[PDB]
Student: 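There's a structure below that I have some questions on.
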Amino acid sequence: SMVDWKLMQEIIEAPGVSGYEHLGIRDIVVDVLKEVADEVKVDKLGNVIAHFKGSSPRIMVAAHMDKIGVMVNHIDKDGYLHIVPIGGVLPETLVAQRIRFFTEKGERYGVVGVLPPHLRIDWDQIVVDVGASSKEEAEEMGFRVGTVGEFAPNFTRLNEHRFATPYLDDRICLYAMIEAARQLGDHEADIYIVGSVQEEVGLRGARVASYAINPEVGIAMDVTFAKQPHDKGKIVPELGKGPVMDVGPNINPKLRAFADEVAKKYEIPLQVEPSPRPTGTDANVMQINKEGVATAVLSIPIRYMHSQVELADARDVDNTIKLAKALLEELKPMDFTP
Amino acid sequence: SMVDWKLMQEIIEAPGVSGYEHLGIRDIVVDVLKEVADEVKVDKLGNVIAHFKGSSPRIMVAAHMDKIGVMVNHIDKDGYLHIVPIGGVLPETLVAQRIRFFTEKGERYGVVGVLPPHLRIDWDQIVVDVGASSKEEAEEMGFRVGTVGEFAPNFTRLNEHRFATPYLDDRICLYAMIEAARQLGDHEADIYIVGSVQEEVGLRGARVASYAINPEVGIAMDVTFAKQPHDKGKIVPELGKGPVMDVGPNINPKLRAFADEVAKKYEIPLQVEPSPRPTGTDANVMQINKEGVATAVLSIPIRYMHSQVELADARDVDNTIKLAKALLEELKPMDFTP
Amino acid sequence: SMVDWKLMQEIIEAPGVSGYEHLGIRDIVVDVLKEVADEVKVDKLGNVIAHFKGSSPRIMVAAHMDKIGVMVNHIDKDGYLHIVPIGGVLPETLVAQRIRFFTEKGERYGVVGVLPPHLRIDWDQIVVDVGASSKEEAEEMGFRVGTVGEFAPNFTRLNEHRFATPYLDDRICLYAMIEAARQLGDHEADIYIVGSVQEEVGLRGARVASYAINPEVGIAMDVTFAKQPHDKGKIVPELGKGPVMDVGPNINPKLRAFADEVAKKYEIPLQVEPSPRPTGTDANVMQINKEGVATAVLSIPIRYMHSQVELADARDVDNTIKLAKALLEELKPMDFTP
Ligand SMILES: [Cl-]
Ligand SMILES: [Cl-]
Ligand SMILES: [Cl-]
Ligand SMILES: [Cl-]
Ligand SMILES: [Cl-]
Ligand SMILES: [Cl-]
Ligand SMILES: [Zn+2]
Ligand SMILES: [Zn+2]
Ligand SMILES: [Zn+2]
Ligand SMILES: [Zn+2]
Ligand SMILES: [Zn+2]
Ligand SMILES: [Zn+2]
């Protein structure tokens with residue numbers, strides 16, 4: 001298990017909003033997995049699919065490579081950018097923030113300004129300043145209709161265990177899945193490790209990857225909500241209390257019971273999240289793939305999801321790596337029929 | 001046809017909310033169908049698929065086994081449960097009601113309390129009392145994060161024909177489909193009778209069952225809205241006027257015309273429901289399965305859908321059994337191209 | 001003391017809304033009291049007055065036989081009932097509930113329906129379905145202008161001590177008073193045990209019973225509010241902490257002090273409720289009867305008053321039986337002058 005802070009930060013900060021995972025994260029995932037997998041391929045949507053050959057059952061584990069972000073809708077006559085969200089970016093988190101754009105002339109920053117109080121929440125109030133003085137100048141700088149951008153990186157390690165940064169969702173789980181894969185010992189299962197694309201715009205990469213792989217078992221590794229201020233006591237998982245595994249309709253009872261047994265065997269703390277609906281993770285589309293798949297969700301709890309200050313606890317990451325590795329190594333043929 | 005009140009009530013009251021159909025209803029459906037079907041199997045999502053071997057066309061008929069219900073989100077320090085809905089349960093129907101929970105220690109009841117007027121619609125106002133005095137006590141009683149519950153059974157036969165009970169949706173149609181199956185005589189069609197899972201959380205079981213079966217023809221048997229107080233005259237079907245079959249984009253014109261001819265031949269009253277959108281039934285996902293399926297919806301009209309007092313007329317149930325049996329027996333190869 | 005669950009449930013479920021206590025509860029109260037009382041009579045309003053002859057002081061103990069309920073205002077052309085409340089029934093507790101009506105053709109049920117969300121708290125939204133299709137049919141079924149109904153029975157024992165059911169108010173105290181009466185040993189006081197009528201519509205039976213009895217001392221046994229969710233910490237009594245006895249203007253200080261001494265002597269836990277106003281119980285009218293009466297209130301705490309899920313703790317019922325018996329046996333001439 002054990003957290004490699006340098007690799008983890010590299011995986012978090014690599015470029016790749018939904019539909020543009022090829023801008024950086026994809027090559028990193030391919031390179032790290034090619035060293036340990038029997039075969040790694042990239043499909044037409046950009047999913048990275050790494051095969052660790054085994055016997056049975058066939059399992060697909062998916063963590064998504066894409067980040068939420070923004071796209072330039074148009075550039076105005078004074079050289080300001082008007083942007084729209086890619087995935088669940090909320091306008092409130094954009095005020096007085098830096099955005100990292102992927103322009104024709106490399107990575108370039110812009111800022112979302114604020115109007116001083118004496119001149120006075122929605123997308124129309126959001127205008128990006130890139131230091132340009134005209135539309136022509138912004139265009140010469142490399143900005144275009146369709147230019148995409150991300151929250152600017154800011155990795156903050158607060159103490160021994162806690163850290164805050166944009167894009168723990170889902171780079172922290174992609175990191176954990178990749179570490180589990182690198183540490184993977186012998187296993188009976190036929191394992192596909194998938195870096196999925198476009199999770200944040202409707203689970204689109206995992207949909208096609210599941211179709212091609214045709215797994216019997218599916219596990220999505222995505223982040224989940226942790227107890228935090230103003231949550232009204234409604235959130236069950238807490239930072240530092242371990243990986244989280246949902247229960248509910250998206251979650252095969254036999255697979256979820258198997259996961260409990262494994263967690264107990266390896267003495268890994270395991271939290272329960274009640275999910276009464278099909279989840280908002282790749283496991284949603286994996287479960288209803290083709291003839292149906294036995295699915296579960298394995299999550300790292302974070303605070304402040306979908307903002308620049310997503311915050312996690314490295315003890316949870318470590319234990320998630322350990323649990324993913326143990327599930328993959330312990331998995332064996334069994335009857336998943338509910 | 002003919003209504004078997006005892007079997008019908010047993011099928012209505014068997015446990016099984018979305019994702020937990022294995023708690024009771026599934027075994028009943030398997031047992032009754034195994035007696036008449038050539039083969040019955042349960043898939044990975046829990047669908048019951050019973051094959052009545054025939055020639056052509058291949059038809060799938062689906063009625064869903066799952067009920068809407070609730071799930072325990074957390075237990076508070078005073079031993080009260082805080083719940084969230086599974087499917088379309090509305091908070092208004094929970095006030096001063098009993099809930100039947102499926103705990104580690106068998107079935108146990110709780111009540112949703114009301115606040116006396118002198119101390120004064122949303123989920124936060126909903127708190128379940130299970131007779132416990134602390135979190136530890138509620139847990140010893142068997143309640144957990146993730147415990148599921150249902151409207152408590154209350155079967156009320158009002159007169160010769162009308163009756164009200166929780167969960168006519170969709171146990172009344174599952175009952176009707178099962179009776180039609182038991183009475184099924186010779187048939188040319190290759191018939192799959194499916195007890196589907198997770199209809200109430202997005203048609204998920206019928207999606208995978210349709211994929212595996214690959215039918216040419218699909219019929220969903222689900223309940224529909226009947227004329228009732230305060231409906232502003234907008235609902236077409238009425239209690240006691242027979243089974244209902246939609247018309248609209250989800251409904252293959254040739255199959256629907258065939259259904260009219262059959263209803264006329266057997267002198268079965270048949271109501272028309274205008275459905276301008278893809279339906280909220282299993283026929284939605286059956287129609288867009290693989291290369292496409294000729295689909296129709298065959299419904300029993302009920303009042304007060306998704307509440308504890310869903311109300312139907314046994315004459316409609318009888319006629320639905322008769323019509324389902326006749327469609328299956330009359331179905332023959334034909335061109336379904338619109 | 002000791003709770004007889006079978007008798008208690010029978011007393012709770014016997015028919016009898018305000019003004020219609022003769023439909024069942026009255027005969028039960030008469031029959032049980034006739035076995036132990038020197039004389040039992042029923043007055044013109046329907047009060048049951050049982051005399052246990054003694055010396056002094058003359059005491060009247062009253063628990064009310066009436067339930068809150070509903071009455072049919074009119075039947076509409078489609079056979080639905082439109083109802084109005086008898087006593088403090090709130091429209092919110094009627095949604096998707098069953099009502100037990102007392103018709104010309106025996107007990108018959110109806111349901112209060114709900115309007116599905118896509119077609120959208122006050123009495124005009126409340127319409128009762130009885131399975132009829134026309135006004136004439138509902139009338140043939142026995143429904144009339146003036147037909148009365150009750151919350152349908154649903155007795156739920158949650159565990160060893162806690163239980164929830166419609167109509168703990170005031171059948172639980174009527175049960176406790178009746179058990180105390182049956183266990184009553186020697187006593188100096190001249191005791192009248194009264195099953196009062198029409199408490200829920202303005203304390204009307206206790207008014208005339210007090211006039212006829214002319215007691216020197218009066219105790220009302222009615223339920224009171226217990227700590228429960230969303231009460232904002234404003235309710236003092238709690239389930240399981242014993243009978244409750246108010247303090248305040250309705251409560252004679254000498255009698256209330258005597259009650260404390262008795263509770264201490266018999267080691268019965270006794271809660272205090274602050275009541276700054278004349279109470280909403282029979283003790284209100286007893287106190288201002290004729291030349292004035294020394295009065296107190298002895299209550300069983302319940303949650304969710306006036307709803308179908310009123311919830312109590314059998315330890316409190318037991319201790320209330322014990323305290324009532326001890327007060328009656330210990331009572332002796334004393335000066336009640338404040
Ligand atoms: Cl996500
Ligand atoms: Cl294959
Ligand atoms: Cl439905
Ligand atoms: Cl085929
Ligand atoms: Cl009262
Ligand atoms: Cl006198
Ligand atoms: Zn996300
Ligand atoms: Zn994510
Ligand atoms: Zn439904
Ligand atoms: Zn349905
Ligand atoms: Zn009352
Ligand atoms: Zn009362």
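Values below: every heavy atom of this structure, side chains too, minus hydrogens, waters and symmetry copies. Sequence lines set the chain letters: A, B, ... in the order given, protein chains first and strands last, and positions in each chain run from 1. For ligands, and for the atoms within them, numbers begin at 1 and follow the listed sequence.
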Student: Tell me, please, if C:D222 has any N/O/S atom, main chain or side chain, under 2.8 Å from the Zn ion (ligand 11)?
Tutor: no
Student: Looking at C:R303 and B:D129, is any side-chain nitrogen of the basic one under 4.0 Å from a carboxylate oxygen of the acidic one?
Tutor: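 Between C:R303 and B:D129 there is a salt bridge, with a charged N closer than 4.0 Å to a carboxylate O.
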Student: Short check: any N/O/S atom of C:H64 below 2.8 Å from the Zn ion (ligand 11)?
Tutor: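 Checking C:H64: none of its N, O or S atoms is under 2.8 Å.
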Student: With the threshold set at 4.0 Å, does a side-chain nitrogen-carboxylate oxygen contact exist between C:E92 and B:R120?
Tutor: yes
Student: Can you name the N/O/S atom of C:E200 that is nearest the Zn ion (ligand 11)?
Tutor: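 Sorting the N, O and S atoms of C:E200 by distance to the Zn ion (ligand 11) puts OE2 first.
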Student: Nearest N/O/S atom of C:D169 with respect to the Zn ion (ligand 11), by atom name, please.
Tutor: OD2
Student: Okay, side chain of A:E200, backbone of A:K67: is any donor-acceptor separation there less than 3.5 Å?
Tutor: no
Student: Would you please say whether a donor-acceptor pair under 3.5 Å links the side chains of A:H306 and A:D169?
Tutor: yes
